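Asks:
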Amino acid sequence: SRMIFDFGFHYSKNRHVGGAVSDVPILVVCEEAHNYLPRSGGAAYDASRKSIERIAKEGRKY
Amino acid sequence: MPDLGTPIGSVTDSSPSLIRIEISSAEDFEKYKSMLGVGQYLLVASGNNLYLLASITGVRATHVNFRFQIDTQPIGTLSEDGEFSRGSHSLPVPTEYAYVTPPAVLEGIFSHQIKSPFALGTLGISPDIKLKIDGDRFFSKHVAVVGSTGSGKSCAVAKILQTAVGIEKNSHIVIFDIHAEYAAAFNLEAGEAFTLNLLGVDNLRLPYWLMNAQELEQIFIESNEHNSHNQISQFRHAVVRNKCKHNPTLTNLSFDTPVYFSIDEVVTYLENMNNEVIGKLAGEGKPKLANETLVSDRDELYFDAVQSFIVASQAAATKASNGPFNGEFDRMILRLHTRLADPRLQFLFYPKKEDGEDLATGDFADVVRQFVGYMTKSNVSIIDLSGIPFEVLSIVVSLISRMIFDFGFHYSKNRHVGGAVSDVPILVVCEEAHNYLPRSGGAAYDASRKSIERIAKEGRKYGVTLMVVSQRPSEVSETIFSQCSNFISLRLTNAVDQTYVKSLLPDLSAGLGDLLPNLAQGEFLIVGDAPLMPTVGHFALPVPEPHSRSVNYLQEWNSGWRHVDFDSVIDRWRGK
Amino acid sequence: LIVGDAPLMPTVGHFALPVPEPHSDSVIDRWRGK
Ligand SMILES: Nc1ncnc2c1ncn2[C@@H]1O[C@H](COP(=O)(O)OP(=O)(O)OP(O)(O)=S)[C@@H](O)[C@H]1O
Ligand SMILES: [Mg+2]
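Protein chains in written order, with the deposited numbering: chain P, 433 to 494; chain O, 1 to 64, 87 to 190, 201 to 608; chain N, 557 to 580, 599 to 608.
And the structure:
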């Protein structure tokens, strides 16, 4: 996921410099989320619940 | 005072809390169907040469001939002279008539008894009429808004602000954004002569030494582990001892007092302290380096550059023991090297003046100019926060707020010495508050609440007021509302939200809640002290409108398979 | 509204305002911020 987001970022920068909004959208479909995004869980599952979260708050733009 | 007209019907039940009117003619009801609707007002008799105003709360129609029913509640009293008192002092007897409230009477009551006017739209019954409130009561006190999605909150707020800035007295306003929306609502022709300072992630200047204790402790440290004790102590010691060396003149400094203080130097100090090794030989109760040279005052050398010491040993000739704080501080060093390694956050750690040089202790003044601007003219500023990450948002907000409260108090004192009240008002606008002011939230956002709580309590005396906006008021701070003296309610549907907003708000029986979920697009309800009495109102679209350009998806899918030159993107993607 | 043992009976009253009342460019020359 981190790769996707960083790519969208570095691309939005360029097309914004050009003055045009992005043109390459992406939709990430996630299934059986509760197996890899727990609500009450250990730090062992702290590498995912962070990355994906970055998409929720700062996605629409990029 | 004037000829009210022909009545509607008599009374059939009376009390201080409730009143019940009864109509028995359909031709009479259909004629005045538009006024008798909810929210609007009616006149009742309470003896000769008086009248009583009531607010419609509840209608019912039945067919068994027809029978209507209008439930009402009393607000206040009005004479034939024109005076409008408040507070009920009469129960109306039956066989007393009722009449419908014309506009003319409302306009007459509005004009005279209102000290200073501020327009806030037009009533629904008649568009060619302008609703007014007290000029000073409104913008010198704490407003609030709550609206369901699509209810047109942003446009209404933009209209309010435009009027406050004379767009169709010099006033200062800051508007925090999360969607990049309110920027265009102020993009009139340059010749208008009202300053506009647009800010973002590229041009914002905001050093990190302005922080209070909580923010500094929060960015670079996490106190979850067992090593949470010692880190904080020695961190404080280091930051202080480094604060003076670069600012000698001043006196009696403390952790909180703001002045320049580098951070890389603090990292160097912490590291050099990780690896210390002490000597226990005779008259050598102090450290020992690689070149057999003792040390007297730590602060003199530890900062400059890393140093290496001899190895621990137990020989009677070479007696070297390990240091007190060796080993513990290993992680936070890498964590800090990382955070500083971040490019996207460069505006906070490694900022630059216009010329190119780094900041200095004195530029503090200019740091506030951005928020303040020109003095004798309106200077609405529009901060942007989309580009900012999700972890530093609370910090940014707290700092930008405290920096304003301090200025307010300072100018309030500077004018108290003279004896005249300050003529510089400042408004803060907080949008989508439910993200960074959670009521169910814990310490993850502890730094934000307080920076606003102050304005909730003190701000009024000093000269700065708030304006909160949200769309899910249940998951918002209980304290930030209660200090709000006026409420604007647009459309709300979700039930629990109705319950909460009904509770918090006092003069709301069942009907005033039955009115929220059926309001139209552009309408609103007003409840508080700025009006004489509750009211239902209608707005117009603002000019120019906010757009917040966004990426259209389906209209883009129908296009071609555009060659993403991954090569060029990744190439520019240095990240080195 | 008063409640408890002191009054002869629960009751509501109103308070008269107490006179006296309780109240409490180069401008920013405080870089110290204190
Ligand atoms: N008096 C009015 N007459 C006609 N249309 C109106 C009126 N007031 C508002 N609108 C319409 O409301 C529409 C959208 O409102 P928005 O400004 O998108 O609401 P909002 O503030 O974005 O709420 P969100 O989506 O939760 S951020 C606009 O396209 C307007 O045309
Ligand atoms: Mg909006």
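All C-beta atoms, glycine included, are put in the ideal place defined by N, C-alpha and C.
Run the proximity test for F571 of chain O: is its beta-carbon closer than 7 angstroms to any non-hydrogen atom belonging to ligand 1?
Replies: As a working note, residue 571 of chain O is residue 539 in the second sequence. True, at least one ligand heavy atom lies under 7 angstroms from that Cβ.
Asks: Restricting to Cα atoms, I'd like to know which of O:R594, O:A542, O:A562 and O:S413 is closest to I436 of chain O.
Replies: Walking along the second sequence from the start, residue 436 of chain O turns up at place 404. Of O:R594, O:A542, O:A562 and O:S413, the residue nearest in Cα terms is O:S413.
Asks: Please check the pair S24 of chain O and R60 of chain O, which I expect to be a contact at CB under 8 angstroms, by giving their CB distance rounded to whole angstroms.
Replies: If you number the second sequence from 1, residue 24 of chain O lands on position 24. If you number the second sequence from 1, residue 60 of chain O lands on position 60. That belief does not hold up - the Cβ atoms of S24 of chain O and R60 of chain O are roughly 13 angstroms apart, past 8 angstroms.
Asks: What distance in whole Å lies between the Cβ atoms of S444 of chain O and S454 of chain O, which are believed to be in contact at a cut-off of 8 angstroms?
Replies: For the purposes of this step, residue 454 of chain O is identified with residue 422 of the second sequence, where counting begins at 1. For the purposes of this step, residue 444 of chain O is identified with residue 412 of the second sequence, where counting begins at 1. Their Cβ separation, rounded to whole angstroms, is 6 angstroms, which keeps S454 of chain O and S444 of chain O in contact under 8 angstroms.
Asks: Once DSSP output is grouped into helix, strand and coil, what is the label at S345 of chain O?
Replies: Counting from one through the second sequence, the residue named residue 345 of chain O turns up at place 313. Here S345 of chain O sits in strand by DSSP.
Asks: Kindly say whether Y585 of chain O, judged by its beta-carbon, lies nearer than 8 angstroms to any beta-carbon of chain P.
Replies: As a working mapping, residue 585 of chain O is identified with position 553 in the second sequence. Answer yes: the Cβ-Cβ gap between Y585 of chain O and chain P drops below 8 angstroms somewhere.
Asks: Going straight from the alpha carbon of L372 of chain O to that of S138 of chain O, what length do you get?
Replies: Sequence index remark: in the second sequence, residue 372 of chain O carries index 340 (1-based). Sequence index remark: in the second sequence, residue 138 of chain O carries index 116 (1-based). In a straight line, the C-alpha of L372 of chain O is about 53 angstroms away from that of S138 of chain O.
Asks: Quick one: residues in its chain with C-beta nearer than 8 angstroms to the C-beta of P566 of chain N, no 5 flanking neighbours on either side, listed in chain order?
Replies: The residue given as residue 566 of chain N occupies position 10 in the third sequence. Contacts found: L557, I558 and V559.
Asks: Please classify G440 of chain O: does DSSP put it in a helix, a strand, or coil?
Replies: For the purposes of this step, residue 440 of chain O is identified with residue 408 of the second sequence, where counting begins at 1. Looking at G440 of chain O - three-state DSSP - the assignment turns out to be helix.
Asks: Is the separation between the beta-carbon of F403 of chain O and that of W605 of chain N shorter than 8 angstroms?
Replies: Position 371 of the second sequence, counting from 1, holds the residue named residue 403 of chain O. Position 31 of the third sequence, counting from 1, holds the residue named residue 605 of chain N. No, Cβ-Cβ distance for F403 of chain O and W605 of chain N is not below 8 angstroms.
Asks: Between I427 of chain O and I251 of chain O, is the Cβ-Cβ spacing less than 8 angstroms?
Replies: In the second sequence, counting from the first residue as 1, residue 427 of chain O sits at position 395. In the second sequence, counting from the first residue as 1, residue 251 of chain O sits at position 219. Yes; because the gap between Cβ atoms is below 8 angstroms, this pair is in contact.
Asks: Suppose only complete runs of 4+ residues qualify. What are the alpha helix (DSSP H) ranges in the stretch 565 to 600 of chain O, listed by chain order?
Replies: Within the stretch 565 to 600 of chain O, the complete alpha helix (DSSP H) runs of at least 4 residues are 586 to 589.
Asks: Tell me where the alpha helix (DSSP H) around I97 of chain O begins and ends.
Replies: The count along the second sequence starts at 1 and reaches residue 97 of chain O at position 75. Looking at the DSSP string, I97 of chain O is not in any alpha helix (DSSP H); the run it does join, the beta strand (DSSP E), is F88 to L100.
Asks: Is there a Cβ from chain P that is less than 8 angstroms from the Cβ of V596 of chain O?
Replies: By one-based count along the second sequence, residue 596 of chain O stands at place 564. Yes, contact with chain P.
Asks: Pull up the distance between the alpha-carbon of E129 of chain O and that of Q135 of chain O, whole angstroms please.
Replies: One-based indexing of the second sequence puts residue 129 of chain O at position 107. One-based indexing of the second sequence puts residue 135 of chain O at position 113. Each residue's alpha carbon lies about 10 angstroms from the other.
Asks: Helix, strand or coil for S454 of chain P? Go by DSSP, reduced to three states.
Replies: Here the question's residue 454 of chain P lines up with position 22 in the first sequence. Three-state result, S454 of chain P: coil.
Asks: Counting contacts by CB-CB distance shorter than 8 angstroms, is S502 of chain O in contact with chain P?
Replies: Within the second sequence, numbered from 1, the residue matching residue 502 of chain O stands at position 470. So, not an interface residue.
Asks: Please say whether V528 of chain O and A465 of chain O have beta carbons closer to each other than 8 angstroms?
Replies: In the second sequence, residue 465 of chain O corresponds to position 433, counting from 1. In the second sequence, residue 528 of chain O corresponds to position 496, counting from 1. Cβ atoms of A465 of chain O and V528 of chain O: not closer than 8 angstroms.
Asks: Cβ closer than 7 angstroms: which chain O residues qualify as neighbours of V601 of chain N?
Replies: In the third sequence, the residue the question calls residue 601 of chain N occupies position 27. Here the neighbours are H442, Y443 and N446.
Asks: Mapping the DSSP letters down to three states, classify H204 of chain O as helix, strand or coil.
Replies: For the purposes of this step, residue 204 of chain O is taken as residue 172 along the second sequence, with counting starting at 1. Strand at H204 of chain O.
Asks: Give the straight-line distance between the Cα atoms of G569 of chain O and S46 of chain O, rounded to the nearest whole angstrom.
Replies: As a working note, residue 569 of chain O is residue 537 in the second sequence. As a working note, residue 46 of chain O is residue 46 in the second sequence. Taking the straight line from one Cα to the other gives about 28 angstroms.
Asks: Kindly examine ligand 2 and report whether one of its heavy atoms sits closer than 7 angstroms to the Cβ of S454 of chain P.
Replies: Residue 454 of chain P sits at position 22 when you count from the first residue of the first sequence. Because no heavy atom of ligand 2 lies under 7 angstroms away, the Cβ of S454 of chain P does not count as near it: no.
Asks: Taking Cβ-Cβ distances shorter than 7 angstroms, what residues in chain P pair up with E588 of chain O?
Replies: By 1-based counting over the second sequence, the position of residue 588 of chain O is 556. Those within 7 angstroms of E588 of chain O in chain P are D455 and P457.
Asks: Using the C-alpha atoms, what's the distance from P576 of chain O back to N219 of chain O?
Replies: Position 187 of the second sequence, counted from the first residue, corresponds to residue 219 of chain O. Position 544 of the second sequence, counted from the first residue, corresponds to residue 576 of chain O. Computed Cα separation, rounded: 7 angstroms.
Asks: Specify, as a first and last residue, the run of the beta strand (DSSP E) that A465 of chain P falls within.
Replies: Position 33 of the first sequence, counted from the start, is the residue given in the question as residue 465 of chain P. Here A465 of chain P belongs to no beta strand (DSSP E), and DSSP marks it neither H nor E.
Asks: Rounded to a whole number of angstroms, what is the C-alpha to C-alpha distance between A572 of chain O and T281 of chain O?
Replies: Locating residue 572 of chain O in the second sequence gives position 540, counting from the first residue. Locating residue 281 of chain O in the second sequence gives position 249, counting from the first residue. Cα to Cα, the separation comes out at about 59 angstroms.
Asks: Short check: CB of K351 of chain O to CB of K318 of chain O, under 8 angstroms?
Replies: Taking the first residue of the second sequence as position 1, residue 351 of chain O is located at position 319. Taking the first residue of the second sequence as position 1, residue 318 of chain O is located at position 286. No, the pair does not count as a contact, with Cβ atoms beyond the cut-off.
Asks: At 9 angstroms on the CB atoms, spell out the chain N contacts of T393 of chain O, in chain order.
Replies: Within the second sequence, numbered from 1, the residue matching residue 393 of chain O stands at position 361. What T393 of chain O touches in chain N: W605.
Asks: So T281 of chain O contacts chain N; which residues on that side make the cut at Cβ distance below 9 angstroms?
Replies: As a working mapping, residue 281 of chain O is identified with position 249 in the second sequence. Correct list: empty, because the minimum Cβ distance to chain N is about 11 angstroms.
Asks: Taking 7 angstroms as the cut-off, does the CB of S418 of chain O come closer than this to any heavy atom belonging to ligand 1?
Replies: Taking the second sequence and counting its residues from 1, one reaches residue 418 of chain O at position 386. Checking every heavy atom of ligand 1 against the Cβ of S418 of chain O, none is found closer than 7 angstroms.
Asks: Does the contact criterion of 3 or more C-beta pairs under 8 angstroms hold for the stretch 38 to 56 of chain O versus the stretch 111 to 130 of chain O?
Replies: Yes, the stretch 38 to 56 of chain O is in contact with the stretch 111 to 130 of chain O.
Asks: Can you tell me whether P563 of chain O is buried or exposed, with buried defined as 16 or more other CB within 10 angstroms of its CB?
Replies: Against the second sequence, residue 563 of chain O aligns to sequence position 531. Buried: at least 16 other Cβ atoms inside 10 Å.
Asks: For the beta strand (DSSP E) that contains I182 of chain O, what are its first and last residues?
Replies: Numbered from its first residue, the second sequence carries residue 182 of chain O at position 160. Run containing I182 of chain O: none in the beta strand (DSSP E); it sits in the alpha helix (DSSP H), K175 to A186.
Asks: If you measure from the beta carbon of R581 of chain O to each beta carbon in chain P, is any gap under 8 angstroms?
Replies: Counting from 1 along the second sequence, the entry for residue 581 of chain O is found at position 549. So, interface residue.
Asks: Ends of the beta strand (DSSP E) at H278 of chain O?
Replies: Position 246 of the second sequence holds residue 278 of chain O. Looking at the DSSP string, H278 of chain O is not in any beta strand (DSSP E); the run it does join, the alpha helix (DSSP H), is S260 to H278.
Asks: Is the closest heavy atom of ligand 1 to the C-beta of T525 of chain O under 7 angstroms?
Replies: Within the second sequence, numbered from 1, the residue matching residue 525 of chain O stands at position 493. Every heavy atom of ligand 1 is 7 angstroms or more from the Cβ of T525 of chain O, so no.
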